[PDB]
Amino acid sequence: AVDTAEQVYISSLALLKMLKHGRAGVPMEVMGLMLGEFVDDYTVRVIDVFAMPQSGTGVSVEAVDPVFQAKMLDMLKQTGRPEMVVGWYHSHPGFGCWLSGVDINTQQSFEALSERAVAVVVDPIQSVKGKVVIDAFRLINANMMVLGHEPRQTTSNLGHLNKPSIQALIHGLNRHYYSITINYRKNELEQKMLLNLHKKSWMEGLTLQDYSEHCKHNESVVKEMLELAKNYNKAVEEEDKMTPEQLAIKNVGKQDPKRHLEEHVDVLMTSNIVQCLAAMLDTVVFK
Amino acid sequence: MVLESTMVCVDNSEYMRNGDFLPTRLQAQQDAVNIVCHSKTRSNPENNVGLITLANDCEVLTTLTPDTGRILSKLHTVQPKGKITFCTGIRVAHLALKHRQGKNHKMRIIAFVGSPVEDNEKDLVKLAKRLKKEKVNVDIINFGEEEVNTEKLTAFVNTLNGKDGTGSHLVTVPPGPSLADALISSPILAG
Amino acid sequence: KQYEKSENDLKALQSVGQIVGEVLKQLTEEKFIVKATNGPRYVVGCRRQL
Amino acid sequence: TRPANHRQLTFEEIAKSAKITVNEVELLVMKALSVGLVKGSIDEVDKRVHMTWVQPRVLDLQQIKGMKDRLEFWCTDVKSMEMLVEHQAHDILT
Amino acid sequence: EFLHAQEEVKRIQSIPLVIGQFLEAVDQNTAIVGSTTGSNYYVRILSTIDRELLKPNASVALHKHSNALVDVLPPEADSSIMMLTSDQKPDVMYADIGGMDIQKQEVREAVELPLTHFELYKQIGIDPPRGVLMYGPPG
Amino acid sequence: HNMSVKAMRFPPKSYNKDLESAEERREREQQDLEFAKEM
Amino acid sequence: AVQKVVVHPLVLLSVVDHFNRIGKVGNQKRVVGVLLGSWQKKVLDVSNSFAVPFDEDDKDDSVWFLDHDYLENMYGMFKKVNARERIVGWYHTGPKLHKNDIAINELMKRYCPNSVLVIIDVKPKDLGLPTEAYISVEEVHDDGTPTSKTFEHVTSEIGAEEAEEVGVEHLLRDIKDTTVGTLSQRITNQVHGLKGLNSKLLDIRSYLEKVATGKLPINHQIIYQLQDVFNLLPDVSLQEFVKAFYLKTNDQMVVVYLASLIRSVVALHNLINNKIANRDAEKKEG
Ligand SMILES: Nc1ncnc2c1ncn2[C@@H]1O[C@H](COP(=O)(O)OP(=O)(O)OP(=O)(O)O)[C@@H](O)[C@H]1O
Ligand SMILES: [Zn+2]
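Residues numbered from 1 in each chain as written, not as in the entry; some residues may be left out. Chains lettered and ligands numbered in written order. Part of a larger assembly, values for the part shown. Heavy atoms only, no water. Residues with missing side-chain atoms left out of burial classes, pairs and counts.

The record lists cryo-EM as the method behind this PDB entry and 3.6 Å as its resolution.

## Concerning the coordination of the zinc ion (ligand 2)
Residue and element names in this part refer to chain A. At the metal site, the zinc ion (ligand 2) is ligated by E29 (OE), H90 (ND1), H92 (NE2) and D103 (OD), and these contacts range over 2.1 to 2.7 Å. Geometry at the zinc ion (ligand 2) is irregular, judged from the four donor atoms that bind it and their angles of 60 to 152 degrees at the metal. Here the donor residues of the zinc ion (ligand 2) share one chain and are spaced in sequence as E-x60-H-x1-H-x10-D. Pair noted here: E29 is in the loop between α1 (14–24) and β2 (31–37) and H90 is in strand β4 (residues 85–91), with a separation of 61 residues, a long-range link. We classify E29 as buried; its relative accessible area is 12%. (Donors = N, O, S within 2.8 Å, 3.2 Å for Na, K, Ca; no water. Tetrahedral: all angles 85-135°; square planar, octahedral: opposite > 155°, others 65-115°. Helix = DSSP H or I, 4+ residues; strand = E, 2+ residues; numbered from the N terminus. Buried < 20%, exposed > 50% of the residue type's maximum accessible area, 1.4 Å probe, protein only.)

## Here's the deal with the arrangement of the chains
Between chains A and G lies the most contact-rich interface of the twelve pairs of chains that touch. Taking C-alpha atoms only, the smallest gap left between chain E and chain F, which are not in contact, amounts to 13 Å. (Contact = heavy atoms within 4.5 Å.)

## Some details on a negative patch on the surface
Among the surface-exposed residues, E29(C), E30(C), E162(G) and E169(G) lie close enough to one another that they form a single negatively charged patch. For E29(C), a relative accessible area of 68% corresponds to the exposed category. (Patch = residues over 30% accessible without salt bridge, like charges linked within 9 Å, V, L, I, M, F, W, Y side chains within 5 Å. Areas by Shrake-Rupley, 256 points an atom, 1.4 Å probe, with all protein chains shown as cover. Salt bridge = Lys/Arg side-chain N within 4 Å of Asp/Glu carboxyl O. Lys, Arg positive; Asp, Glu negative; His and termini not counted. Charge placed at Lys NZ, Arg CZ, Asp CG, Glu CD.)

## Section: the sheet that holds strand β1 (residues 8–10) of chain D
Residues and elements named next belong to chain D. Judged by pairing direction, the sheet is antiparallel, and its three strands sit side by side in the order β1-β3-β2 without closing on themselves. What marks the edges here is a single partner per strand, and that holds for β1 and β2 (38–42). Here the average twist between neighbouring strands, direction ignored, is 30 degrees. Inspection of the sheet shows β1 paired to strand β3 (residues 48–54) by three bridges, in the antiparallel sense. Bridge pairing in β3 places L9 opposite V49. (Pairing = 2+ DSSP bridges. Axes fitted to C-alpha atoms, helices over the stretch in contact; angles between N-to-C directions.)

## Observations concerning the environment of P146(G)
Relative to the helices and strands, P146(G) resides in the loop between β6 (134–137) and β7 (150–153). Excluding anything up to four places from it in sequence, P146(G) contacts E139(G) and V140(G).

## A short note on the pairing of strand β1 (residues 7–10) of chain B
All names here are of chain B. Covered by surrounding structure in β1 are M7 and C9 together with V8 and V10, the residues of both alternating faces. Of the pairings in the sheet, the one linking β1 to strand β2 (residues 50–53) comprises four bridges and is parallel in character. Across the sheet, residue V10 finds its bridge partner in β2, namely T53. Running through helix α1 (residues 25–43), the crossover from β1 to the neighbouring parallel element β2 is right-handed. Inspection of the sheet shows β1 paired to strand β3 (residues 108–113) by three bridges, in the parallel sense. The residue bridging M7 from the neighbouring strand is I109, located in β3. (Right-handed = clockwise from strand over helix to strand, strands pointing away.)

## Observations concerning the interface of chain G and chain A
Across the boundary between the two partners, chain G contributes 71 residues, which contact 74 residues of chain A. Together chain G and chain A conceal approximately 6,900 Å² of surface at their shared face, both sides included; 71% is due to carbon and sulfur atoms. On the chain G side of the contact with chain A, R21(G), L171(G) and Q252(G) bury the most area, a combined 10% of that side's loss. Where chain G meets chain A, there are one salt bridge. Between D126(G) and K192(A) there is a salt bridge; the shortest N-O distance is 3.1 Å. Seen at the junction of chain G and chain A, the total is twelve residue pairs in polar contact. (Buried area = accessible area lost by both parts, 1.4 Å probe. Polar contact = N/O pair within 3.5 Å; in protein donor to acceptor, adjacent residues only side chain to side chain.)

Given below as structure tokens:
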């Protein structure tokens with residue numbers, strides 16, 4: 001049995017594969033194959049993912065061609081290194097994550113091959129930065145649901161750490177499948193070479209930024225900053241008046257000079273000081 | 001069947017440029033390649049046959065495949081003209097033999113010489129003991145015309161089947177423009 | 001061939017309908033705004049190939 | 001030959017070094033600007049010309065010592081000016 | 001960490017977004033809208049909206065299930081675009097109308113003369129007309 | 001400006017509890033969500 | 001011909017994982033693979049890649065192999081799963097520009113007309129960007145053998161995509177120097193950019209080391225650019241450039257004076273907003 005402490009390790013590349021292939025054909029439920037070393041009864045380490053092209057038009061999951069994955073399984077065999085298929089996936093696009101009745105069928109065709117195969121759902125819309133949203137699953141036997149017996153025998157405070165979503169709770173949630181807590185494997189060998197390369201200027205701050213239009217833009221802020229300051233000479237004067245909660249609800253139709261003012265003060269400030277200092281270093285450095 | 005991968009090395013050098021053999025040298029050794037890949041293919045479906053040359057430009061004209069139609073198409077208008085360079089034929093053979101589908105297969109090469117060679121026997125004895133340390137069994141079959149008695153070739157195959165190898169072969173060219181099928185009837189019968 | 005003609009309907013019963021809509025304007029490259037012949041106005045995205 | 005201090009010369013000096021008269025050197029230097037071997041300006045009243053860009057020539061293993069040394073203290077200006085930014089700008093970024 | 005959570009809330013915006021119309025707010029940061037399904041609701045806001053982009057008749061964005069404020073919209077109408085100005089100006093000159101010196105100059109006073117010389121109507125202050133009606137026999 | 005920052009951070013005091021939302025309304029949200037999940 | 005390139009983090013990691021999966025060779029191997037993508041508006045793009053089976057021996061190092069069966073079949077697969085995707089060029093792992101990387105491009109130029117290469121880093125440490133790309137020309141000068149197949153480095157950068165930024169920013173969670181205020185330019189180019197001048201400064205010093213000792217080509221096509229630099233060195237402090245500078249700046253610090261002048265009034269108004277808050281709270285609350 002299991003102890004709901006399964007702890008799937010994955011990768012640092014397969015997430016990128018899942019979002020790219022899940023994003024390119026996004027309104028159709030695209031799919032593909034998962035490929036990694038199957039370690040012990042608890043954990044699994046799926047290092048690689050290759051996708052599969054579709055069968056035809058239609059929002060579903062199509063089928064699997066063992067000619068195609070037989071060949072593609074051997075391309076890396078005679079080129080890179082052998083691995084083992086462990087799981088598979090599909091893509092609920094903007095749905096969240098659960099198992100449909102079509103999903104549970106093609107899962108059921110795979111668990112008979114290997115009893116510890118893995119269902120995976122990617123959701124490449126509702127992810128923004130810290131919410132990637134995958135929540136890998138696997139079937140539970142409805143036979144034990146007929147038995148009225150509770151599976152999966154918790155021996156570790158590791159399972160009930162993430163609360164399930166209400167939509168998957170509406171779906172087969174706890175009557176046909178279970179969730180698996182996952183995490184990621186990474187190293188400084190990757191961390192440095194993605195951090196040091198993503199957003200990098202080159203020699204751009206060692207320029208002068210449109211030297212006629214710098215002072216012209218400075219004029220082009222101060223000019224309306226005058227009348228905005230006149231509105232600041234308008235908006236203070238209705239204090240010693242009605243309560244500031246009415247001075248909170250009442251200000252949702254017309255602009256305030258306060259926040260809009262301190263925005264432009266910052267923009268003029270950091271706009272000027274960078275051009276000043278960067279203008280003055282080149283006098284020393286260049287002759 | 002038995003684990004090997006047949007790698008033929010064709011000769012598109014500039015001394016392959018006459019009709020001394022009766023149809024064509026190119027068609028003669030071409031059809032010889034066809035029937036020996038019928039022999040290796042019909043004795044073993046696992047064996048794939050691709051062709052390399054040992055001229056100035058050692059090109060993989062055909063990637064190592066169990067197909068033969070691309071081999072036939074490239075051997076059509078192959079233009080066998082250019083300076084031979086045999087000393088890099090060893091490396092352009094063996095490195096593809098490390099590029100092969102599996103190292104469970106027997107490292108077997110056939111090599112075709114129909115031109116005068118300019119190698120050093122020191123160079124082919126460094127590459128020959130390199131094939132000793134790499135445990136490589138090549139049977140070299142000479143074509144066309146040659147420096148008589150395979151100068152450095154008997155020493156090469158000697159330094160190929162030496163040190164308990166004793167199973168590699170060197171088929172020299174008989175300098176009579178006859179039908180080459182009976183000329184190669186011995187290695188196809190027994191390597 | 002009788003199993004083939006019925007084999008057309010074996011998978012041909014899987015297409016799902018498409019709401020007939022109408023394009024109102026275009027916000028961004030991917031933010032679109034439509035309204036069906038049913039009711040309310042929606043905010044919608046497209047296929048990236050179309 | 002003239003350094004970047006001045007590189008500004010007079011028609012008397014041109015008349016000396018090419019020993020040609022005063023009323024031809026302007027027709028010479030307009031031709032030189034037309035070829036574009038040199039780039040500069042012409043003042044007539046002070047009889048001087050402000051030569052700015054010249055055709056790049058070749059040189060031996062002796063001038064590379066000069067360009068080496070001009071490179072050398074150009075390094076330490078970048079070192080010295082950069083060290084003020086490191087040391088003084090330290091609390092802005094750890 | 002507050003910068004990390006700062007972006008974290010906007011996943012609710014996403015794609016599958018329905019459109020209503022802002023009506024009014026009860027209080028700070030909770031308001032009342034009217035859905036384009038027809039019914040009105042008492043809805044919650046999203047925090048990062050500049051509230052001074054709301055005014056009166058704002059077209060807003062509503063979540064398709066939770067039914068709360070999401071995002072403000074640039075305005076939209078389908079009744080008509082804006083008379084697309086290329087194949088839209090009916091070739092008709094003022095000289096094509098003969099014998100309408102009273103009404104042509106009069107509607108010239110009525111419409112575009114306050115559109116241009118607004119400061120005379122403001123300066124003398126003669127209350128320029130809001131809307132104009134025109135009628136008569138057909139043709 | 002900085003002295004007008006240093007001598008004005010006093011205000012934040014007295015008031016001490018920012019409740020998440022509730023406890024019993026969280027329980028009733030669990031009951032209504034449990035009924036929507038049962039439905 | 002081609003302006004610049006666009007490189008994704010997917011291909012960027014997608015070389016390195018292959019360097020790991022051949023990393024059990026121990027002794028010596030370079031990672032060489034096929035680069036895939038499009039290019040539009042004379043802007044090069046890179047989306048996907050894989051790697052070819054490849055070996056090499058140091059003795060007689062003019063022998064290489066690219067399995068074109070693997071090439072045709074796997075690119076046929078990639079065309080099938082994505083007809084929008086196509087070939088763009090190639091890449092090798094590029095520590096120090098290996099020798100066969102003069103006719104690898106000639107081996108596969110029949111696939112792509114501008115068959116471009118990419119040099120990467122597997123031991124990432126620098127003060128710049130460890131991504132390089134050349135382009136093939138066979139340019140002709142005016143001395144000696146004309147047509148010479150010399151690679152020429154087109155400028156390079158790492159391109160983003162709205163899809164992949166979710167995964168990139170998710171996989172960082174480490175450090176992020178946002179709140180770009182008056183500080184972020186100081187470090188993204190004013191601290192760091194001077195060190196960007198340091199390495200290009202030191203590079204011509206390293207080339208300069210042939211004074212009587214280094215390699216055989218003397219100058220010819222190096223010193224016209226250097227002589228052009230020393231001619232192009234800027235103006236000294238004599239002119240109005242000083243008074244326009246002084247004159248220039250003197251205008252900018254006016255705007256600084258106004259902005260700082262209003263900021264203090266803003267914070268003072270917040271202090272009054274605080275006083276009103278605490279006073280009418282002490283007697284009322286108690
Ligand atoms: N200068 C003119 N004055 C009046 N009518 C003219 C003039 N020139 C042409 N017409 C004719 O008069 C008609 C005016 O068309 P229009 O549609 O404006 O009539 P109308 O007053 O709007 O009547 P209805 O409302 O029935 O269309 C045109 O069809 C045109 O043939
Ligand atoms: Zn699904």
